[PDB]
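Everything on this sheet refers to the single structure shown next.
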Amino acid sequence: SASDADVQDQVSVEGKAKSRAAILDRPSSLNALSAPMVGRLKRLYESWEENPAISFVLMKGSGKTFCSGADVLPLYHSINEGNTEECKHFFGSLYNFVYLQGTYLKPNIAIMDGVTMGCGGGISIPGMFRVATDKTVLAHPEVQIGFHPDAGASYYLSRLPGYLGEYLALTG
Amino acid sequence: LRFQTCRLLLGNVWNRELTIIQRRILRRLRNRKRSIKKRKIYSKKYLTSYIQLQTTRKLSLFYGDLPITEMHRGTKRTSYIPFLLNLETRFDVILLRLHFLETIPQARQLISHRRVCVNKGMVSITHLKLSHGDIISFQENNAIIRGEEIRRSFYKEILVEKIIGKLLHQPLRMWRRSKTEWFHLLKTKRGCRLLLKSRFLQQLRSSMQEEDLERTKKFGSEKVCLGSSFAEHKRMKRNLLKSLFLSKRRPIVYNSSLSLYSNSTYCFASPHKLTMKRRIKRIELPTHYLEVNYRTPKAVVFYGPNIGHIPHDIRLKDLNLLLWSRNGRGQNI
Amino acid sequence: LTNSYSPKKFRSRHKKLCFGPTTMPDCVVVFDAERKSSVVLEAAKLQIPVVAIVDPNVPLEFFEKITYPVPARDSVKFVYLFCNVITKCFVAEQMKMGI
Amino acid sequence: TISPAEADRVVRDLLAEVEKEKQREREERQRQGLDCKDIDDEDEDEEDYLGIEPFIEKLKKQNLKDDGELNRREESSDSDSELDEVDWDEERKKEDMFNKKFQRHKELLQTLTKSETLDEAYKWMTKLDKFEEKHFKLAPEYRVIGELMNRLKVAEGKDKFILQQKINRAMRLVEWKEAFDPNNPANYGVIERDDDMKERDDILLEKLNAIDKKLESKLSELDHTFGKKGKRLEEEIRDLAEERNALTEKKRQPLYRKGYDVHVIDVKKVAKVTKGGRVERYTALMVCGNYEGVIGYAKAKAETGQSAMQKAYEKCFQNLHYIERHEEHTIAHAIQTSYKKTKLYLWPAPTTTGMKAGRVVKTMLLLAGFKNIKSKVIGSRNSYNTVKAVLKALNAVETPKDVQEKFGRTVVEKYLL
Amino acid sequence: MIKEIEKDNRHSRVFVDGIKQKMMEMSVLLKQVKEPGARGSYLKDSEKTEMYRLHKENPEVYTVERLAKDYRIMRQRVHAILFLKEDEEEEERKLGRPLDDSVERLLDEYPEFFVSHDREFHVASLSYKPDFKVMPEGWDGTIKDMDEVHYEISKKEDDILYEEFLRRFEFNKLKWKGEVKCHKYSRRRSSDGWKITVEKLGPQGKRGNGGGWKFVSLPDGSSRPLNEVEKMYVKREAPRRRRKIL
Amino acid sequence: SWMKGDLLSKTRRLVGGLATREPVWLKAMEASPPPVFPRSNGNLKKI
Ligand SMILES: [Mg+2]
């Protein structure tokens, strides 16, 4: 159709010789993940894993922000309208993408070139390679919004040395 | 006339009985063909003129002295594939393929003399094209001689091809004296029945079965057999190593396991053995597109011919200069 | 390198008799700033990789045949550092095999 | 084999068995009433089952005429196998090569059963593993083909179709890989004498190394030696240099590759002028190919045409290119190149078209494995510049894999779309 | 413990003694692989006699599609085999004795003396013409399997070839029985004259893609719709919107 | 020869097509590929 021209702009693809890069380009929301963005990302990564002409995949972000987490305003307005189905579908799509990232058959590399919050770490930290820069800032302020560090953040924070996972998940 | 074409083509393209003198000539002709094949590295005209002219001559002889170059030049196509596939649907060619007759000139004489029917109507057009659905038969007063000659062709075919060269590689004169006794047995229906039900032909059949099995190893058949059965072949070695560890850390079992593993390793790793003895050339049956009932005899066309199943004795590398076929896919390409 | 199986004859004290290598090298490491030898041309002719230090004024015909360029001025200290790093890496990999 | 007396025995037994069955059926009928008009004069004189009696009379007459040697072999009639021309020494060397490997294998399995210590048992197990992984190792492609054949015997319908096509492709690839592997020394020859090659090269390598150490030591002791001893060391060094030169000559054996066809493109007489007259030599241009995408060429000059062809034949395997083909029968797209003043056009064609080319282009395209290409040589038809333009054209084709890597995008055949 | 080793040796001996069997079924599968769809086995005359019995007994259950699936041949060959067996029994009823079949049993008992090529299913011959499309950079999507597309092409060509065979074979069958003239001196006028077969031309007379609508117009002044034979005549003379397969 | 590309890609295509036997250095180059830098447009700036 023609209505998905905004989603294809929100999740761009750059192709190289044997590799593909997914780029987050939602500068209004600081690259916050919506349901169509997660659906497109899941479709792209499934097709790239199936393709034997692609060696490894990438995930980048455009702007000063890598990914500011999930776009919760749409879920808030959906919960205000009574039905809870939209939030549900967004959540199993996001956790399905995180599970795909954790079990991915080819190498995957994330370039973290800015602020990473919430599920932004959840789509990248289960990957095989992770590149951090001097602009990379990682925080988990889910307790200060009334929510919990989901999207696999209870997997990798709990495996940090000592009790640093608790400090990060409680203080943000 | 026709034996002299062997001197032109340096091999037995004539298909009648050779004398002693003609066999002595063929020895020298095949020596010439061997010395020419070694000489091909230093020949500028080998591909474009020599091999192509010899292949075209062989194809003309194969289809009953037809002008193959002229008729193919009538079409504007470079490759011979559609031309040869169209030739296989001719009425005289099909009458040769069904083994209702022995040569193309016999078939042309029978069709021209108004003695073969297509869909119960007499058709005297030797170049007629038969499409799928056509029914071929003979005349009612003609079919009994055709049945007798078809039986004679098949039984003297087994006696003159499958018995002379398969394990009875006898010298010429004593085999010619021996053929009288073999011909007397075919005089009766009881003799043909008893030759069919005999342990002689059963041993010949079993040896040819084993011989056809051995030729499959040139394609790496035994390696595919090992690849199918990799897990249990490994499990045999796991069992041997487990037994030789457990029952040794503190002997018929060891000898039995060693004999089994060595038998399996020999059966799966032995290379293909191409022996000195020449392969017997077998009569082909056109069952991919022609359905035959040899009792009357009658036949029905139900499909189209195949470019890889035309029974010419031309090598693939020579004939590829005319066909230009991507061989190996099974298609008419 | 391209004619390494050619015969050689002893003459005198001379400039000393040396034969070519018995095995063809799998790599050539070159320190030829003034291009006094035909090493890069013969190695490119024989499909052998070349590790060399490249000056700013290297010709395109020589630069095209250098598989592993190292852009530097070939000072004594840099050649020492280059060779020390090469030596240490080679013998650290070689000690990992029992050798 | 089967004795001819055994054949006479079995045919006489068959005729006897015919007579015994006839008399037994005659007895069974005649005891139960049943007159035997269908037994007498219906299996004896008026059977005529094949119409073979005139052939018997014709053969009987031709067997009582001439004399020769009755057991003399002659030339066969249905001979001309024509693919039975392979050098038998390599094949009878394969047999005892496999036999020596198998005997070594049997010896290690018998040594594994003769151990007493599990440290020794583990050591001989690792020796067996290193032997089997180097001499009795099955290629992984055959494991893929075996798994696919396992799925195929229980497949039906669309799956049976698709698996048959996939295994057809795999069998073609493994046959090609086994026939044209450069790592197998069985895929090489000698050329006319101008693991056995492995060890005969290793012994010469060790001899050359020993001679080089000896030469270095003698040059070392020559540097400090003056007088007649210096001359004696000089003569000793010259003898060592002669030995090393001869041993270096002995390693230069040119090899040809099996499964390749080599063809002459051009043999020319060239000339040079001196004060004594014209000096005439021959140049030979030749091409080679394995019909599977590998093509090469060489040009040589010698005193005679035969010698020039021989030098080019020895040189022809030293510059081999790999050419990508589309579906093993044509080029991916239309290509136009020029080398000097020779312009070459090549056009891809569908699968029943054929090769439309002049002899130089046709020979090179045939040896590279193409089947359906149209071509045109425009301008100069210098055969050597034509060869070079053909190689320039075939290396400038951009395959769908090349486009896919160059642009970072998926390239699809249009009929699969 | 040693009983486990004995069962392991039994598991090894049941395989090693049956290696030659596995090589035999592998040879048949190799015949099917190297020529895709080739059935690798040769169909015997006794199997065709059994096919004729199963068709004559229960034609509603043992149909052409079922007999083709069971004996792994094409439906065209099933129709041909059934016609030839019908003719064989008509000839043996006219003769009074069963026909001689020496050639058939020589072919049945010793198939290894001969080469056969009898096919199971149809594989289409593709013009492997290079023609490519570059997808967009952000294309998510799955390329089709070329074996799947080859299967669909082959099945379409199989359906076409089957119906063309059916039409030509039924026409030749009732030419064999004697309902088609085919000889110019057997085409004679009736006592009232000639029947005609009148086709309606133009866009307003079309019966569909294939030609115009037809009626008969008898010599007595009456007209009638087409018969079944006349319907076959209509169907066989239509233009076909394809190139010639085989 | 007439093949295009650098040493690595040309050697990969030759080895894959079974034209040349695999050299010893081919795996060492594939493990540590020669370095690549972006296009620079050739305008060197005065420091
Ligand atoms: Mg001119």
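Numbering starts fresh at 1 for the residues of each chain in the structure tokens, the chains themselves are lettered A, B, ... in the order given, and ligands are numbered from 1 as they appear.
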(request) Check which residues fall inside 9 Å of ligand 1 when counting only C-alpha atoms and all ligand atoms, and print them as a PyMOL selection string. (result) chain D and resi 379-381
(message) With only C-alpha atoms as the counted atoms, please give the residues lying no more than 10 Å from residue E:239, apart from itself and same-chain residues fewer than 6 positions off, as a VMD selection string.
(response) chain E and resid 209 to 211
Could you save the residues just selected, with C-alpha atoms, as a PDB file, in the first residue's frame?
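again-v6.pdb was written with the following content:
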ATOM      1  CA  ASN E 209     -12.837 -17.456 -26.716  1.00  0.00           C
ATOM      2  CA  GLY E 210     -12.387 -20.093 -29.386  1.00  0.00           C
ATOM      3  CA  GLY E 211     -14.801 -19.270 -32.159  1.00  0.00           C
TER       4      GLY E 211
END
Could the residues of chain A that have an atom at most 7 Å from chain E be listed as a Markdown table, each with its closest atom pair and the distance in Å to one decimal, counting only C-alpha atoms and ordered by chain and ascending residue number?
| residue | atom | partner | partner_atom | distance |
| --- | --- | --- | --- | --- |
| A:12 | CA | E:138 | CA | 6.5 |
| A:13 | CA | E:138 | CA | 4.9 |
| A:14 | CA | E:137 | CA | 6.8 |
| A:15 | CA | E:137 | CA | 6.6 |
| A:43 | CA | E:140 | CA | 6.4 |
| A:44 | CA | E:140 | CA | 5.4 |
| A:47 | CA | E:140 | CA | 6.3 |
(request) Using only C-alpha atoms, determine which residues of chain B fall within 6 Å of chain D; present them as a list in words. (result) residues 23, 41, 44, 78, 79, 148, 152, 167, 171, 173, 174, 187, 188, 224, 227, 228, 324 and 333 of chain B
(request) If you run DSSP over the backbone, which residues in stretch 134-183 of chain B end up alpha helix (DSSP H)? Put them as a list in words. (result)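 Everything in stretch 134-183 of chain B that counts as alpha helix (DSSP H) is residues 143, 144, 145, 146, 147, 148, 149, 150, 151, 152, 153, 154, 155, 156, 157, 172, 173, 174, 175, 176, 177, 178, 179, 180, 181, 182 and 183 of chain B.
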(request) Name all residues at most 12 Å from residue F:15 (count only C-alpha atoms; drop same-chain ones fewer than 3 positions away) and give them as a ChimeraX atom specification. (result) /D:177,180-183,294,320-322 /F:7-12,18-24,26-27
(request) Find the residues around residue D:258 up to 8 Å (only C-alpha atoms counted), leave out those fewer than 2 positions away in its own chain, and share them as a list in words. (result)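 Neighbouring residues, sequence-local ones excluded: residues 180, 187, 188, 189, 256 and 260 of chain D.
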Suppose we keep N, CA and C atoms; can you now write the selection as a CSV table (one decimal), in the first residue's frame?
chain,number,residue,atom,x,y,z
D,180,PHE,N,37.5,-32.4,-10.8
D,180,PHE,CA,38.4,-31.3,-11.1
D,180,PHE,C,39.0,-30.6,-9.9
D,187,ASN,N,44.4,-35.9,-10.3
D,187,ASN,CA,43.9,-35.0,-11.3
D,187,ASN,C,45.1,-34.4,-12.1
D,188,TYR,N,46.2,-35.0,-12.2
D,188,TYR,CA,47.4,-34.5,-12.9
D,188,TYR,C,48.1,-35.6,-13.7
D,189,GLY,N,48.8,-35.1,-14.7
D,189,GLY,CA,49.6,-36.0,-15.5
D,189,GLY,C,51.1,-35.5,-15.7
D,256,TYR,N,50.1,-31.7,-16.9
D,256,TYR,CA,48.9,-31.4,-17.5
D,256,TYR,C,47.7,-31.8,-16.5
D,260,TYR,N,40.8,-31.8,-19.2
D,260,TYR,CA,41.0,-30.6,-20.0
D,260,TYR,C,41.2,-31.0,-21.5
(request) Restrict the distance test to only C-alpha atoms, flag each residue of chain D within 7 Å of chain E, and return the flagged residues as an MDAnalysis selection string. (result) chainID D and resid 158 161:162 164:165 167:168 327 332 349:351 409:414 416:417
(request) Restrict the distance test to only C-alpha atoms, flag each residue of chain D within 10 Å of chain F, and return the flagged residues as number ranges by chain. (result) D: 176-177, 179-184, 290, 292-296, 317-324, 388-389, 391-396
Now that the selection is made, can you save its residues with N, CA and C atoms as a PDB file, in the first residue's frame?
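After the write, result_14.pdb holds the following:
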ATOM      1  N   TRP D 176      31.456 -32.737 -10.311  1.00  0.00           N
ATOM      2  CA  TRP D 176      32.406 -31.729 -10.763  1.00  0.00           C
ATOM      3  C   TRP D 176      33.543 -31.541  -9.767  1.00  0.00           C
ATOM      4  N   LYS D 177      33.214 -31.450  -8.472  1.00  0.00           N
ATOM      5  CA  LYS D 177      34.224 -31.239  -7.440  1.00  0.00           C
ATOM      6  C   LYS D 177      35.199 -32.404  -7.365  1.00  0.00           C
ATOM      7  N   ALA D 179      35.914 -34.524  -9.846  1.00  0.00           N
ATOM      8  CA  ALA D 179      36.682 -34.670 -11.075  1.00  0.00           C
ATOM      9  C   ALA D 179      37.744 -33.592 -11.251  1.00  0.00           C
ATOM     10  N   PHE D 180      37.510 -32.373 -10.769  1.00  0.00           N
ATOM     11  CA  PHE D 180      38.394 -31.269 -11.119  1.00  0.00           C
ATOM     12  C   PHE D 180      39.014 -30.607  -9.896  1.00  0.00           C
ATOM     13  N   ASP D 181      39.186 -31.346  -8.819  1.00  0.00           N
ATOM     14  CA  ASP D 181      39.805 -30.800  -7.617  1.00  0.00           C
ATOM     15  C   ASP D 181      41.303 -30.643  -7.828  1.00  0.00           C
ATOM     16  N   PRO D 182      41.868 -29.443  -7.670  1.00  0.00           N
ATOM     17  CA  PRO D 182      43.313 -29.289  -7.864  1.00  0.00           C
ATOM     18  C   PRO D 182      44.137 -29.897  -6.748  1.00  0.00           C
ATOM     19  N   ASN D 183      43.537 -30.162  -5.586  1.00  0.00           N
ATOM     20  CA  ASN D 183      44.276 -30.726  -4.463  1.00  0.00           C
ATOM     21  C   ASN D 183      44.520 -32.218  -4.612  1.00  0.00           C
ATOM     22  N   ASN D 184      43.741 -32.901  -5.432  1.00  0.00           N
ATOM     23  CA  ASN D 184      43.943 -34.321  -5.657  1.00  0.00           C
ATOM     24  C   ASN D 184      45.069 -34.530  -6.660  1.00  0.00           C
ATOM     25  N   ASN D 290      38.136 -26.925 -19.361  1.00  0.00           N
ATOM     26  CA  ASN D 290      37.605 -28.129 -18.741  1.00  0.00           C
ATOM     27  C   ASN D 290      36.100 -28.265 -18.902  1.00  0.00           C
ATOM     28  N   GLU D 292      33.871 -26.413 -17.709  1.00  0.00           N
ATOM     29  CA  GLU D 292      33.216 -26.142 -16.437  1.00  0.00           C
ATOM     30  C   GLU D 292      33.555 -24.752 -15.930  1.00  0.00           C
ATOM     31  N   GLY D 293      33.883 -23.836 -16.831  1.00  0.00           N
ATOM     32  CA  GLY D 293      34.155 -22.467 -16.469  1.00  0.00           C
ATOM     33  C   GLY D 293      35.614 -22.084 -16.398  1.00  0.00           C
ATOM     34  N   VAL D 294      36.537 -23.029 -16.523  1.00  0.00           N
ATOM     35  CA  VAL D 294      37.965 -22.737 -16.438  1.00  0.00           C
ATOM     36  C   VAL D 294      38.549 -22.707 -17.842  1.00  0.00           C
ATOM     37  N   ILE D 295      39.221 -21.609 -18.184  1.00  0.00           N
ATOM     38  CA  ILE D 295      39.798 -21.424 -19.509  1.00  0.00           C
ATOM     39  C   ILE D 295      41.186 -20.810 -19.355  1.00  0.00           C
ATOM     40  N   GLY D 296      42.118 -21.220 -20.218  1.00  0.00           N
ATOM     41  CA  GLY D 296      43.437 -20.625 -20.243  1.00  0.00           C
ATOM     42  C   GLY D 296      43.998 -20.595 -21.651  1.00  0.00           C
ATOM     43  N   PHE D 317      48.507 -24.390 -18.881  1.00  0.00           N
ATOM     44  CA  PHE D 317      47.857 -24.532 -17.587  1.00  0.00           C
ATOM     45  C   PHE D 317      48.380 -23.540 -16.557  1.00  0.00           C
ATOM     46  N   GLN D 318      49.224 -22.598 -16.966  1.00  0.00           N
ATOM     47  CA  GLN D 318      49.836 -21.644 -16.054  1.00  0.00           C
ATOM     48  C   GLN D 318      49.088 -20.324 -15.953  1.00  0.00           C
ATOM     49  N   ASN D 319      48.080 -20.098 -16.783  1.00  0.00           N
ATOM     50  CA  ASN D 319      47.290 -18.870 -16.711  1.00  0.00           C
ATOM     51  C   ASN D 319      45.836 -19.268 -16.936  1.00  0.00           C
ATOM     52  N   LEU D 320      45.179 -19.725 -15.882  1.00  0.00           N
ATOM     53  CA  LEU D 320      43.810 -20.208 -15.969  1.00  0.00           C
ATOM     54  C   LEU D 320      42.895 -19.205 -15.297  1.00  0.00           C
ATOM     55  N   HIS D 321      41.814 -18.855 -15.974  1.00  0.00           N
ATOM     56  CA  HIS D 321      40.774 -17.995 -15.438  1.00  0.00           C
ATOM     57  C   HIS D 321      39.557 -18.837 -15.103  1.00  0.00           C
ATOM     58  N   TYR D 322      38.758 -18.352 -14.164  1.00  0.00           N
ATOM     59  CA  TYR D 322      37.443 -18.917 -13.922  1.00  0.00           C
ATOM     60  C   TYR D 322      36.382 -17.960 -14.436  1.00  0.00           C
ATOM     61  N   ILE D 323      35.481 -18.480 -15.260  1.00  0.00           N
ATOM     62  CA  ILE D 323      34.430 -17.704 -15.902  1.00  0.00           C
ATOM     63  C   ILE D 323      33.096 -18.126 -15.310  1.00  0.00           C
ATOM     64  N   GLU D 324      32.324 -17.154 -14.844  1.00  0.00           N
ATOM     65  CA  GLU D 324      30.983 -17.415 -14.350  1.00  0.00           C
ATOM     66  C   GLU D 324      30.010 -17.558 -15.511  1.00  0.00           C
ATOM     67  N   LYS D 388      42.354 -12.519 -26.756  1.00  0.00           N
ATOM     68  CA  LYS D 388      42.456 -11.572 -25.657  1.00  0.00           C
ATOM     69  C   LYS D 388      41.169 -10.775 -25.467  1.00  0.00           C
ATOM     70  N   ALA D 389      40.473 -10.441 -26.554  1.00  0.00           N
ATOM     71  CA  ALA D 389      39.188  -9.765 -26.435  1.00  0.00           C
ATOM     72  C   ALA D 389      38.123 -10.683 -25.850  1.00  0.00           C
ATOM     73  N   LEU D 391      38.679 -13.104 -23.649  1.00  0.00           N
ATOM     74  CA  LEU D 391      38.940 -13.145 -22.212  1.00  0.00           C
ATOM     75  C   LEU D 391      38.623 -11.829 -21.526  1.00  0.00           C
ATOM     76  N   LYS D 392      38.804 -10.707 -22.212  1.00  0.00           N
ATOM     77  CA  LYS D 392      38.418  -9.427 -21.635  1.00  0.00           C
ATOM     78  C   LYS D 392      36.904  -9.314 -21.496  1.00  0.00           C
ATOM     79  N   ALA D 393      36.159  -9.809 -22.483  1.00  0.00           N
ATOM     80  CA  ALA D 393      34.703  -9.750 -22.446  1.00  0.00           C
ATOM     81  C   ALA D 393      34.126 -10.643 -21.360  1.00  0.00           C
ATOM     82  N   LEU D 394      34.636 -11.865 -21.233  1.00  0.00           N
ATOM     83  CA  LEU D 394      34.067 -12.792 -20.265  1.00  0.00           C
ATOM     84  C   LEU D 394      34.386 -12.401 -18.831  1.00  0.00           C
ATOM     85  N   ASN D 395      35.412 -11.593 -18.615  1.00  0.00           N
ATOM     86  CA  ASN D 395      35.733 -11.112 -17.284  1.00  0.00           C
ATOM     87  C   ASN D 395      35.094  -9.769 -16.965  1.00  0.00           C
ATOM     88  N   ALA D 396      34.371  -9.163 -17.899  1.00  0.00           N
ATOM     89  CA  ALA D 396      33.670  -7.911 -17.647  1.00  0.00           C
ATOM     90  C   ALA D 396      32.170  -8.096 -17.453  1.00  0.00           C
TER      91      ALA D 396
END
(request) Work out how far apart atom CA of residue F:41 and atom CA of residue C:74 are and give it in Å to one decimal. (result)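 Atom-to-atom, atom CA of residue F:41 to atom CA of residue C:74, that is 26.1 Å.
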(request) To one decimal in Å, tell me the separation between atom CA of residue E:9 and atom CA of residue B:246. (result)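 Result for atom CA of residue E:9 versus atom CA of residue B:246: 15.5 Å, one decimal.
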May I have a table of the residues of chain D lying at most 6 Å from chain C, giving each one's closest pair of atoms and their distance in Å to one decimal, counting only C-alpha atoms, ordered by chain and ascending residue number, as JSON lines?
{"residue": "D:238", "atom": "CA", "partner": "C:10", "partner_atom": "CA", "distance": 6.0}
{"residue": "D:245", "atom": "CA", "partner": "C:7", "partner_atom": "CA", "distance": 5.2}
{"residue": "D:248", "atom": "CA", "partner": "C:5", "partner_atom": "CA", "distance": 5.9}
(request) Could you give me, as number ranges by chain, the residues within 7 Å of stretch 164-178 of chain E, counting only C-alpha atoms and dropping anything in the same chain fewer than 5 positions from it? (result) B: 119-120, 132-134; E: 76
Take the residues that were just selected and, keeping N, CA and C atoms, output them as an mmCIF file, in the first residue's frame.
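Output below, filename out.cif:
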data_model
loop_
_atom_site.group_PDB
_atom_site.id
_atom_site.type_symbol
_atom_site.label_atom_id
_atom_site.label_comp_id
_atom_site.auth_asym_id
_atom_site.auth_seq_id
_atom_site.Cartn_x
_atom_site.Cartn_y
_atom_site.Cartn_z
ATOM 1 N N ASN B 119 -4.176 -45.297 -37.121
ATOM 2 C CA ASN B 119 -5.577 -45.186 -36.694
ATOM 3 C C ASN B 119 -6.518 -45.950 -37.624
ATOM 4 N N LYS B 120 -6.079 -47.141 -38.039
ATOM 5 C CA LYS B 120 -6.751 -48.154 -38.858
ATOM 6 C C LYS B 120 -6.865 -47.750 -40.328
ATOM 7 N N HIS B 132 0.781 -37.381 -30.093
ATOM 8 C CA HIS B 132 0.344 -38.276 -29.034
ATOM 9 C C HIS B 132 -1.145 -38.554 -29.184
ATOM 10 N N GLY B 133 -1.499 -39.835 -29.206
ATOM 11 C CA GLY B 133 -2.850 -40.289 -29.454
ATOM 12 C C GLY B 133 -2.986 -41.164 -30.674
ATOM 13 N N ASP B 134 -1.924 -41.329 -31.454
ATOM 14 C CA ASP B 134 -1.982 -42.096 -32.688
ATOM 15 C C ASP B 134 -1.784 -43.587 -32.431
ATOM 16 N N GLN E 76 -1.695 -40.708 -19.478
ATOM 17 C CA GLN E 76 -1.731 -40.987 -20.910
ATOM 18 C C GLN E 76 -1.387 -42.441 -21.174
#
(message) Can you pull out the residues contacting residue A:75? Cut-off 12 Å, using only C-alpha atoms, and skip same-chain residues under 5 positions away; I want them as a PyMOL selection string.
(response) chain A and resi 33-35+70+80-91
Restricting the output to N, CA and C atoms, write the selected residues as an mmCIF file, in the first residue's frame.
data_model
loop_
_atom_site.group_PDB
_atom_site.id
_atom_site.type_symbol
_atom_site.label_atom_id
_atom_site.label_comp_id
_atom_site.auth_asym_id
_atom_site.auth_seq_id
_atom_site.Cartn_x
_atom_site.Cartn_y
_atom_site.Cartn_z
ATOM 1 N N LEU A 33 10.155 3.267 19.944
ATOM 2 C CA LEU A 33 9.598 2.150 19.203
ATOM 3 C C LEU A 33 8.081 2.141 19.295
ATOM 4 N N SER A 34 7.428 2.092 18.145
ATOM 5 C CA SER A 34 5.994 1.901 18.040
ATOM 6 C C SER A 34 5.721 0.480 17.576
ATOM 7 N N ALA A 35 4.444 0.117 17.539
ATOM 8 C CA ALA A 35 4.069 -1.211 17.058
ATOM 9 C C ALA A 35 4.405 -1.460 15.583
ATOM 10 N N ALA A 70 10.366 2.411 24.381
ATOM 11 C CA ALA A 70 9.088 2.186 23.727
ATOM 12 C C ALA A 70 8.253 3.457 23.737
ATOM 13 N N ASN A 80 -6.629 4.317 28.080
ATOM 14 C CA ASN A 80 -7.677 5.267 28.437
ATOM 15 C C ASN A 80 -8.994 4.982 27.730
ATOM 16 N N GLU A 81 -8.956 4.366 26.550
ATOM 17 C CA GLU A 81 -10.159 4.074 25.787
ATOM 18 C C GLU A 81 -10.769 2.723 26.143
ATOM 19 N N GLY A 82 -10.364 2.128 27.261
ATOM 20 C CA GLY A 82 -10.982 0.906 27.734
ATOM 21 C C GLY A 82 -10.278 -0.371 27.326
ATOM 22 N N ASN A 83 -10.147 -0.596 26.020
ATOM 23 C CA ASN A 83 -9.562 -1.829 25.514
ATOM 24 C C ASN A 83 -8.069 -1.892 25.813
ATOM 25 N N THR A 84 -7.615 -3.080 26.203
ATOM 26 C CA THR A 84 -6.218 -3.306 26.543
ATOM 27 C C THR A 84 -5.485 -4.110 25.474
ATOM 28 N N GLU A 85 -6.119 -4.352 24.322
ATOM 29 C CA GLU A 85 -5.564 -5.257 23.319
ATOM 30 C C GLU A 85 -4.342 -4.675 22.611
ATOM 31 N N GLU A 86 -4.342 -3.364 22.352
ATOM 32 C CA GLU A 86 -3.234 -2.741 21.635
ATOM 33 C C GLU A 86 -1.935 -2.822 22.434
ATOM 34 N N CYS A 87 -2.021 -2.595 23.744
ATOM 35 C CA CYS A 87 -0.864 -2.745 24.609
ATOM 36 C C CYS A 87 -0.361 -4.184 24.611
ATOM 37 N N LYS A 88 -1.282 -5.148 24.654
ATOM 38 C CA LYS A 88 -0.917 -6.552 24.628
ATOM 39 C C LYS A 88 -0.122 -6.874 23.383
ATOM 40 N N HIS A 89 -0.675 -6.529 22.207
ATOM 41 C CA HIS A 89 -0.044 -6.849 20.925
ATOM 42 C C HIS A 89 1.317 -6.194 20.787
ATOM 43 N N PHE A 90 1.433 -4.937 21.229
ATOM 44 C CA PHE A 90 2.734 -4.282 21.246
ATOM 45 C C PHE A 90 3.719 -5.042 22.113
ATOM 46 N N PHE A 91 3.261 -5.553 23.253
ATOM 47 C CA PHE A 91 4.200 -6.202 24.158
ATOM 48 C C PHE A 91 4.644 -7.573 23.653
#
(request) Using atom CA of residue D:114 and atom CA of residue B:251 as the two end points, give the distance in Å to one decimal. (result) 10.8 Å
(request) Step one, run DSSP on the backbone; step two, keep only residues of stretch 94-137 of chain A assigned to strand (DSSP E or B); then write them as number ranges by chain. (result) A: 108-112, 115-117, 129-132, 137
